[PDB]
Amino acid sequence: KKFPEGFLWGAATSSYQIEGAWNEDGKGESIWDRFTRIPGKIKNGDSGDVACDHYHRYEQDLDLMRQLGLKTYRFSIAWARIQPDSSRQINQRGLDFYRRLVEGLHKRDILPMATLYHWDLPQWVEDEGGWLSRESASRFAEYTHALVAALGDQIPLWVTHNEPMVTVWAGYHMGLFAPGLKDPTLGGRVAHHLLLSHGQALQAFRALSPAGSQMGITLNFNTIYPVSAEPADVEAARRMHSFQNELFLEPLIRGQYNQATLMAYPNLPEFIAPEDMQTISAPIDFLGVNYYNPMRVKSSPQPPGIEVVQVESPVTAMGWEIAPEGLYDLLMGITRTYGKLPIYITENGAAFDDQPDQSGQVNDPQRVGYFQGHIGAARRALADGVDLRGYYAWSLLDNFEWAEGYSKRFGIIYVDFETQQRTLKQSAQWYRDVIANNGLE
């Protein structure tokens, strides 16, 4: 029942999804500033120009974190605030903001976890080739060094990347997210340079070696289940798992790409230099796990011989299936396959239609049911030997949900985007009790 003494209960956000002040204090343009100017790309023509106006209101948000009793808070750093342009010079005002944020967290006994890259690449980096260019791994490492040198001993947990797979799939295969390319053959190349940037960032971290600080990476996964017990379906499920869930994990832990990856991207070995794989697979301090839903697959006659079968119920407002057993299986599978390493669930959460009632309360019993089941599955994984050190709710605040804009609300705290007024939902109240009790009712 009760989690371990000192278990780190938290909530998470990302810079572009909450900060606003998109052009203030010397901040540079990011690929998402640019992307949200293009008509038709975002529902309702929404953008992150203002978002939760967190850059201006962070002290209020710091107080909200204290109100919930968070032991930890996960955010991302906007690279374009730190290095607005191709001169690579550090913008001191951008840096001051994260210094102030982190100082406020320690003031309130909240341990900081910072994600260096949560998708808002500076436009200047994109003009130098973006993730297609190998040199971007070096720009990322320089950016990392600056941030770790400045805040290393103030930030005990560092994540290099959030969900490199989504940057590949949504950013380059589908054109759904920035930078908006639609060429499948570019995937392997991008993936390699994302991995390489992580490796070079971790080197920079070890060189600085800040006291009491650790560094890792966050990956997303969708637990794969075959739609039937038929051998073709099992085989499609196995290949889908290798690709969807181990494209990054395998080279990170084992130092090599798996077969399903090399077959999906035949030209991949062309970007791999002689010590890349060693750099990529150097020891991380912990793994960040993001999870929302499973994927159910069947075999297909047409390439690539895999079909994802859509589920109609039970789902969230995103249409994503609700299956807590999927989180438990993912955690058990990682721990069995790669060994018992430290894991933080860095995002787990759900979107539902939220509407303040006449009295202004925001009651979201379906979000409470989602968290109840998932935190319960996490506790079972811990009981079964998974080294789980923390759990972060996605998200602290309703925010800019990428291509869905503001039409999707993931927050435990409701945000009225007209007034910037924040309201604890029923789920935040509930979660506060979980933290106080250090476990479920």
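In case it trips you up, residue 1 is the first one in the sequence shown, and so on.
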{"property": "Stretch with the greater mean C-alpha B-factor as recorded in the entry, comparing 38 to 46 against 375 to 383", "result": "38 to 46"}
{"property": "Per the entry, higher mean C-alpha B factor between 212 to 220 and 296 to 304", "result": "296 to 304"}
{"property": "Candidate residues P226, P84, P231, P274, the one whose C-alpha B factor the record puts highest", "result": "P274"}
{"property": "Highest-ranked of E142, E246, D109, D120 once sorted by CA temperature factor in the record", "result": "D109"}
{"property": "Assigned third (lowest, middle, highest) for the C-alpha B factor of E401", "result": "lowest"}
{"property": "Within-chain third of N23 by Cα B-factor, per the entry", "result": "highest"}
{"property": "Third assignment of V434 from its chain's C-alpha B-factors", "result": "lowest"}
{"property": "Chain-wide C-alpha B factor ranking for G288, given as lowest, middle or highest third", "result": "lowest"}
{"property": "Chain third (lowest, middle, highest) by recorded CA B-factor, residue given as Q420", "result": "highest"}
